[PDB]
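To keep things clear, I will list the structure first and then write my remarks on it.
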Amino acid sequence: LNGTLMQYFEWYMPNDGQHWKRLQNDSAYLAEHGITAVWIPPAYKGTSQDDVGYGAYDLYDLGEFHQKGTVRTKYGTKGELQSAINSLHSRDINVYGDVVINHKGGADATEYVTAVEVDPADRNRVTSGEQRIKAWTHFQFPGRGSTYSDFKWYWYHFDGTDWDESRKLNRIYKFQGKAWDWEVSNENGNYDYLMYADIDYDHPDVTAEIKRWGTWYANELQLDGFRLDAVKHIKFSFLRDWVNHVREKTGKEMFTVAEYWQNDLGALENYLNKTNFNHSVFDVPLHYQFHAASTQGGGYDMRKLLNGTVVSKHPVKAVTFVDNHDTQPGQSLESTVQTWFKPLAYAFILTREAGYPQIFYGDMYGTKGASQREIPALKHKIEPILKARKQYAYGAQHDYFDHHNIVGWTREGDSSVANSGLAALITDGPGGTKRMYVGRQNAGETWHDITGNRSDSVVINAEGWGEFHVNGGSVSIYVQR
Ligand SMILES: OC[C@H]1O[C@H](O[C@H]2[C@H](O)[C@@H](O)[C@@H](O[C@H]3[C@H](O)[C@@H](O)[C@@H](O[C@H]4[C@H](O)[C@@H](O)[C@@H](O)O[C@@H]4CO)O[C@@H]3CO)O[C@@H]2CO)[C@H](O)[C@@H](O)[C@@H]1O
Ligand SMILES: [Ca+2]
Ligand SMILES: [Ca+2]
Ligand code: NA
Ligand code: NA
């Protein structure tokens with residue numbers, strides 16, 4: 001099984017309401033290129049129509065109720081999403097729903113709340129006496145009413161907020177009688193607080209409600225799994241329990257991957273430990289290695305790609321990726337893998353045996369930000385690498401990370417996939433050649449570069465070795481003609 005995830009959105013897509021229809025219409029294309037799952041953007045009403053989805057106003061409004069100036073979300077209506085999902089399912093493409101449960105944004109009304117300021121660099125330090133603020137904490141859901149859920153939110157379901165509406169002041173406010181949740185990331189002392197109204201996962205009605213919404217959401221969209229947002233800001237034991245709860249209620253596997261944003265393998269290992277390895281994480285350290293290689297012009301030691309990553313230590317729990325909606329140009333975690341290196345990074349995640357790779361909408365189709373640093377559409381460069389995964393990346397792997405610039409790996413093929421087997425080379429510097437073992441069972445075959453970057457044929461010798469070539473700053477992936 002070479003499962004391939006696709007993140008089916010980018011930050012700057014137009015707010016025209018056609019995204020679910022686009023997905024529906026792309027399902028044939030996705031299936032043909034070996035995509036077996038899609039992570040869809042948050043499907044519920046944000047703070048406005050053009051919310052990318054992380055505002056999280058109303059978790060039960062999937063583009064169904066007239067709230068925040070619109071019925072549809074940015075992406076379309078509930079029915080359009082459901083039509084896209086049934087089209088994806090008709091081609092055996094799993095659908096992972098984005099789960100934004102750190103906070104709620106865009107409350108319907110303010111409440112007077114007693115609060116103290118905390119230090120934004122050290123949220124365990126209180127920096128004021130008690131003061132009365134007006135906080136956006138009251139959620140009534142006037143367009144929805146009680147349809148699907150009569151749960152209403154008030155200040156006492158939250159630990160704090162970043163805005164006092166009476167003084168018009170952006171500070172971090174912790175509400176009276178509240179405490180930041182733990183365990184969370186210990187950056188800035190305690191990183192429970194991120195944005196909007198921060199949900200209090202010490203509150204038992206909150207833990208109950210978010211669990212039952214989880215089950216509701218899975219049922220409503222027939223989800224096959226989840227993508228968990230911003231998990232370093234959400235009580236770890238709660239996330240663990242939430243994942244088990246929805247699995248228990250649905251009776252489905254519910255593959256789950258969490259976005260724990262830290263370039264630190266040890267912090268990710270800690271998160272995995274505290275959630276009992278019941279779900280995966282995005283391989284954030286690998287992303288940063290790709291970013292670094294792509295900006296150092298050949299000076300990066302390409303041997304380092306094998307160490308310090310989630311996929312190197314916990315391959316079963318790694319979702320590997322090149323870029324996402326936070327790392328793309330202009331976004332809050334900007335660390336974009338430069339255009340020239342991006343196909344090499346894709347070869348790395350797509351054709352190697354370890355990890356569950358994810359391709360980025362923004363990489364395939366380009367990003368539509370207002371800058372001139374936008375990622376170009378690289379679909380045509382990635383397609384042959386996807387085909388390499390789908391048809392050729394099977395069987396025993398041999399690594400050649402034995403050079404500062406030119407590194408490679410082979411796959412011997414497997415008898416259960418006809419003509420499978422590949423030989424990949426990437427280089428962040430000058431090109432050249434590497435002899436690599438592809439398996440004696442491929443002796444005498446004529447192999448060629450599926451990317452078309454190199455036009456030479458390589459005949460595998462009797463001992464199972466081929467002499468493979470790669471251009472400067474390029475990738476070649478040889479497979480049987
Ligand atoms: O309809 C399409 C397919 O849907 C189903 O496949 C699912 C699996 O059920 C999910 O569990 C998941 O598979 C992941 C797996 O969870 C994850 O751990 C990872 O495993 C890799 C591992 O990273 C790697 O190091 C190496 O050991 O190989 C493992 C897999 O061979 O990646 C898996 C996907 O490659 O998602 C898929 C859908 O993408 C269903 O069971 C299939 O029958 C169906 O075709
Ligand atoms: Ca939080
Ligand atoms: Ca709390
Ligand atoms: Na909290
Ligand atoms: Na190098």
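Every chain in the structure tokens has a letter given in the order shown (A, B, ...), and although residue numbers restart at 1 in each chain, ligands are simply numbered from 1 in the order shown.
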Using only C-alpha atoms and all ligand atoms, what are the residues with an atom within 12 Å of ligand 5, set out as a ChimeraX atom specification? /A:289-290,292-305,341,401-407,426-431,472-473
Dump C-alpha atoms for the selected residues as a short mmCIF file (atom, residue, chain, number, x, y, z; two decimals), in the first residue's frame?
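Saved result, part33.cif, follows:
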```cif
data_model
loop_
_atom_site.label_atom_id
_atom_site.label_comp_id
_atom_site.auth_asym_id
_atom_site.auth_seq_id
_atom_site.Cartn_x
_atom_site.Cartn_y
_atom_site.Cartn_z
CA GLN A 289 15.64 20.15 6.42
CA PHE A 290 14.07 20.57 2.97
CA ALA A 292 17.44 24.49 4.66
CA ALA A 293 18.73 22.41 1.67
CA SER A 294 16.67 24.56 -0.70
CA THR A 295 18.20 27.85 0.58
CA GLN A 296 21.84 26.84 0.95
CA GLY A 297 22.79 26.43 -2.74
CA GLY A 298 24.68 23.14 -2.46
CA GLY A 299 26.24 23.95 0.93
CA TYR A 300 23.79 21.70 2.79
CA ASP A 301 25.07 18.25 3.70
CA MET A 302 22.41 16.06 1.99
CA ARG A 303 23.40 13.14 4.26
CA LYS A 304 21.60 14.95 7.12
CA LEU A 305 18.20 14.16 5.50
CA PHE A 341 14.41 21.93 -4.75
CA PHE A 401 23.58 8.87 1.33
CA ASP A 402 27.28 8.81 0.81
CA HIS A 403 28.03 12.25 -0.67
CA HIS A 404 27.54 15.85 0.32
CA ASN A 405 25.36 16.72 -2.73
CA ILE A 406 24.39 13.61 -4.76
CA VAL A 407 22.32 11.13 -2.77
CA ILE A 426 18.71 13.97 -6.15
CA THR A 427 21.40 16.62 -5.79
CA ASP A 428 21.46 20.10 -4.25
CA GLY A 429 24.69 20.81 -6.16
CA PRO A 430 26.46 19.64 -9.31
CA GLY A 431 25.11 16.60 -11.07
CA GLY A 472 22.70 19.76 -11.54
CA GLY A 473 20.20 20.63 -8.81
#
```
Ligand 1: which residues are within 10 Å, counting only C-alpha atoms and all ligand atoms? Reply as number ranges by chain. A: 1-6, 31, 34-38, 88-96, 224-225, 252-257, 279-280, 311-320, 352-358, 394
Need the shell around residue A:160: protein/DNA/RNA residues with any atom at most 7 Å away, counting only C-alpha atoms. Skip same-chain ones fewer than 5 positions apart. Format as a list in words?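 Counting only C-alpha atoms, the residues come to residues 173, 174, 175, 197 and 198 of chain A.
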Write out as a PyMOL selection string each polymer residue (protein, DNA or RNA) that has an atom no more than 10 Å from ligand 3, with only C-alpha atoms and all ligand atoms counted. chain A and resi 156-160+174-175+177-182+192-193+198-203+235
Resulting file, chosen residues, N, CA, C and O atoms, as a compact mmCIF listing (two decimals), in the first residue's frame:
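Printed below is selection_18.txt as written:
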```
# COMPACT_ATOMS: atom_id res chain seq x y z
N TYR A 156 -16.92 31.28 30.82
CA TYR A 156 -16.43 30.21 31.72
C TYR A 156 -16.13 28.89 31.02
O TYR A 156 -15.67 27.96 31.65
N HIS A 157 -16.37 28.80 29.72
CA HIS A 157 -15.85 27.70 28.91
C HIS A 157 -14.46 28.02 28.34
O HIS A 157 -13.88 27.20 27.62
N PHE A 158 -13.91 29.19 28.64
CA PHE A 158 -12.63 29.58 28.07
C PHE A 158 -11.66 29.96 29.17
O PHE A 158 -12.08 30.40 30.23
N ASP A 159 -10.37 29.82 28.89
CA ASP A 159 -9.32 30.27 29.84
C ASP A 159 -8.92 31.73 29.67
O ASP A 159 -8.40 32.35 30.59
N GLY A 160 -9.12 32.28 28.48
CA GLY A 160 -8.67 33.62 28.19
C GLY A 160 -8.87 34.04 26.75
O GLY A 160 -9.48 33.30 25.95
N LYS A 174 -6.06 36.27 31.07
CA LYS A 174 -6.46 35.04 31.68
C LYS A 174 -7.63 35.35 32.60
O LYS A 174 -7.52 36.22 33.47
N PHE A 175 -8.73 34.62 32.44
CA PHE A 175 -9.96 34.89 33.19
C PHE A 175 -9.86 34.44 34.63
O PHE A 175 -9.15 33.49 34.96
N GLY A 177 -10.22 32.76 38.04
CA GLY A 177 -10.50 31.38 38.40
C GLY A 177 -10.06 30.36 37.38
O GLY A 177 -10.25 29.18 37.61
N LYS A 178 -9.47 30.80 36.26
CA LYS A 178 -8.96 29.93 35.22
C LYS A 178 -7.46 29.75 35.33
O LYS A 178 -6.74 30.54 35.94
N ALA A 179 -7.01 28.65 34.75
CA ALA A 179 -5.62 28.30 34.68
C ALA A 179 -5.37 27.76 33.29
O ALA A 179 -6.19 27.01 32.75
N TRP A 180 -4.22 28.12 32.73
CA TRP A 180 -3.82 27.56 31.43
C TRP A 180 -3.75 26.05 31.60
O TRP A 180 -3.32 25.55 32.63
N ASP A 181 -4.24 25.34 30.60
CA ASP A 181 -4.23 23.88 30.58
C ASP A 181 -2.81 23.33 30.51
O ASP A 181 -1.90 23.99 29.99
N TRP A 182 -2.62 22.12 31.02
CA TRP A 182 -1.37 21.38 30.87
C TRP A 182 -1.80 19.91 30.78
O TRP A 182 -2.77 19.52 31.43
N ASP A 192 -0.60 27.34 26.00
CA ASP A 192 -2.03 27.06 25.85
C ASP A 192 -2.67 28.13 25.02
O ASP A 192 -3.48 27.82 24.13
N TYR A 193 -2.35 29.39 25.32
CA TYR A 193 -3.01 30.49 24.65
C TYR A 193 -2.36 30.70 23.27
O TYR A 193 -1.13 30.76 23.18
N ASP A 198 -9.68 31.15 24.03
CA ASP A 198 -9.01 29.85 24.23
C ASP A 198 -9.86 28.88 25.03
O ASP A 198 -10.22 29.15 26.17
N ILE A 199 -10.12 27.72 24.47
CA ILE A 199 -11.02 26.77 25.12
C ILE A 199 -10.38 26.19 26.40
O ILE A 199 -9.21 25.84 26.43
N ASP A 200 -11.17 26.10 27.46
CA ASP A 200 -10.73 25.54 28.75
C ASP A 200 -11.00 24.05 28.80
O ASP A 200 -12.10 23.63 29.12
N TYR A 201 -9.96 23.26 28.52
CA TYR A 201 -10.05 21.79 28.61
C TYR A 201 -9.94 21.20 30.02
O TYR A 201 -9.95 19.99 30.18
N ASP A 202 -9.93 22.05 31.06
CA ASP A 202 -10.24 21.61 32.42
C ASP A 202 -11.75 21.56 32.68
O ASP A 202 -12.17 21.06 33.72
N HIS A 203 -12.58 22.13 31.80
CA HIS A 203 -14.03 22.19 32.06
C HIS A 203 -14.70 20.90 31.58
O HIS A 203 -14.56 20.55 30.41
N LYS A 235 -4.41 20.67 25.49
CA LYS A 235 -4.12 19.67 26.47
C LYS A 235 -3.91 18.27 25.86
O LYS A 235 -4.85 17.74 25.26
```
Strand (DSSP E or B) call set, DSSP backbone run, stretch 214-416 of chain A, as a ChimeraX atom specification: /A:225-228,255-258,280-282,318-321,356-360,397-400,406-411
Name all residues at most 9 Å from residue A:262 (count only C-alpha atoms; drop same-chain ones fewer than 5 positions away) and give them as a PDB file with N, CA, C and O atoms, in the first residue's frame.
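Ended up saving to out_8.pdb:
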```pdb
ATOM      1  N   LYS A 232      -0.067  21.671  19.789  1.00  0.00           N
ATOM      2  CA  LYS A 232       0.839  22.066  20.870  1.00  0.00           C
ATOM      3  C   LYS A 232       0.217  23.072  21.848  1.00  0.00           C
ATOM      4  O   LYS A 232       0.782  23.301  22.936  1.00  0.00           O
ATOM      5  N   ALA A 267      10.533  17.047  21.207  1.00  0.00           N
ATOM      6  CA  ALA A 267       9.210  17.584  21.561  1.00  0.00           C
ATOM      7  C   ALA A 267       8.112  16.754  20.904  1.00  0.00           C
ATOM      8  O   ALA A 267       7.073  16.492  21.502  1.00  0.00           O
ATOM      9  N   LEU A 268       8.350  16.312  19.678  1.00  0.00           N
ATOM     10  CA  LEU A 268       7.368  15.485  18.998  1.00  0.00           C
ATOM     11  C   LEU A 268       7.275  14.102  19.608  1.00  0.00           C
ATOM     12  O   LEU A 268       6.195  13.561  19.726  1.00  0.00           O
ATOM     13  N   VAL A 284       7.648  17.710  10.941  1.00  0.00           N
ATOM     14  CA  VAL A 284       8.046  19.092  10.875  1.00  0.00           C
ATOM     15  C   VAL A 284       9.551  19.233  10.713  1.00  0.00           C
ATOM     16  O   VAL A 284       9.976  20.074   9.916  1.00  0.00           O
ATOM     17  N   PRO A 285      10.360  18.406  11.406  1.00  0.00           N
ATOM     18  CA  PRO A 285      11.805  18.512  11.211  1.00  0.00           C
ATOM     19  C   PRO A 285      12.267  18.220   9.770  1.00  0.00           C
ATOM     20  O   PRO A 285      13.169  18.895   9.258  1.00  0.00           O
TER      21      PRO A 285
END
```
Can you tell me, as a list in words, what residues are no more than 9 Å from stretch 452-466 of chain A when counting only C-alpha atoms, ignoring any on the same chain fewer than 5 positions away?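 Close residues of stretch 452-466 of chain A: residues 384, 423, 434, 435, 436, 437, 438, 439, 440, 441, 442, 443, 444, 445, 446, 447, 471, 474, 475, 476, 477, 478 and 481 of chain A.
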Let's have the selection written as a PDB file, in the first residue's frame, with C-alpha atoms.
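Writing the result to result-v5.pdb gives the following:
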```
ATOM      1  CA  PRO A 384       5.850  11.583 -12.732  1.00  0.00           C
ATOM      2  CA  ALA A 423      16.482   4.160  -8.792  1.00  0.00           C
ATOM      3  CA  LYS A 434      26.094   7.045  -8.964  1.00  0.00           C
ATOM      4  CA  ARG A 435      26.249   3.249  -9.315  1.00  0.00           C
ATOM      5  CA  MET A 436      23.419   1.689  -7.282  1.00  0.00           C
ATOM      6  CA  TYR A 437      22.118  -1.807  -6.617  1.00  0.00           C
ATOM      7  CA  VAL A 438      18.534  -2.325  -7.790  1.00  0.00           C
ATOM      8  CA  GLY A 439      18.319  -6.122  -7.214  1.00  0.00           C
ATOM      9  CA  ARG A 440      19.640  -9.072  -9.245  1.00  0.00           C
ATOM     10  CA  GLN A 441      16.001  -9.836 -10.176  1.00  0.00           C
ATOM     11  CA  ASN A 442      16.142  -6.718 -12.410  1.00  0.00           C
ATOM     12  CA  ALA A 443      19.342  -7.842 -14.226  1.00  0.00           C
ATOM     13  CA  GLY A 444      19.236  -7.071 -17.973  1.00  0.00           C
ATOM     14  CA  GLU A 445      16.286  -4.669 -17.833  1.00  0.00           C
ATOM     15  CA  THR A 446      16.444  -1.265 -19.558  1.00  0.00           C
ATOM     16  CA  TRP A 447      15.455   1.555 -17.230  1.00  0.00           C
ATOM     17  CA  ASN A 471      21.635  16.821 -13.661  1.00  0.00           C
ATOM     18  CA  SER A 474      17.853  18.018 -10.225  1.00  0.00           C
ATOM     19  CA  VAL A 475      16.110  14.701  -9.655  1.00  0.00           C
ATOM     20  CA  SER A 476      16.041  11.591 -11.807  1.00  0.00           C
ATOM     21  CA  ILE A 477      13.978   8.478 -11.069  1.00  0.00           C
ATOM     22  CA  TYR A 478      14.751   5.472 -13.205  1.00  0.00           C
ATOM     23  CA  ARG A 481      10.719   1.000 -19.751  1.00  0.00           C
TER      24      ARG A 481
END
```
Residue neighbourhood residue A:375, 8 Å, only C-alpha atoms, exclusion window fewer than 6 positions, as a PyMOL selection string: chain A and resi 328-329+339+362-363+366-367
Deliver the residues from the most recent selection as a file, using N, CA, C and O atoms, as a compact mmCIF listing (two decimals), in the first residue's frame.
```txt
# COMPACT_ATOMS: atom_id res chain seq x y z
N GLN A 328 3.76 28.23 3.37
CA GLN A 328 3.74 28.91 2.07
C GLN A 328 4.02 30.40 2.20
O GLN A 328 3.85 30.97 3.28
N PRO A 329 4.43 31.05 1.11
CA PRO A 329 4.86 32.43 1.22
C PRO A 329 3.79 33.32 1.84
O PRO A 329 2.63 33.23 1.48
N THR A 339 11.49 26.73 -5.03
CA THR A 339 10.92 26.10 -6.23
C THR A 339 11.85 25.02 -6.82
O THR A 339 11.41 23.94 -7.10
N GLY A 362 -1.11 23.76 -2.97
CA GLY A 362 -0.32 24.92 -3.38
C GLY A 362 0.88 24.59 -4.25
O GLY A 362 1.28 25.38 -5.08
N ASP A 363 1.47 23.43 -4.03
CA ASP A 363 2.59 22.95 -4.86
C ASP A 363 2.12 22.44 -6.23
O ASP A 363 2.78 22.67 -7.24
N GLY A 366 -0.12 25.84 -7.62
CA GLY A 366 0.34 27.19 -7.34
C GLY A 366 -0.44 27.83 -6.21
O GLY A 366 -1.51 27.34 -5.83
N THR A 367 0.14 28.86 -5.62
CA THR A 367 -0.53 29.65 -4.60
C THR A 367 -0.98 30.97 -5.19
O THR A 367 -0.32 31.53 -6.07
```
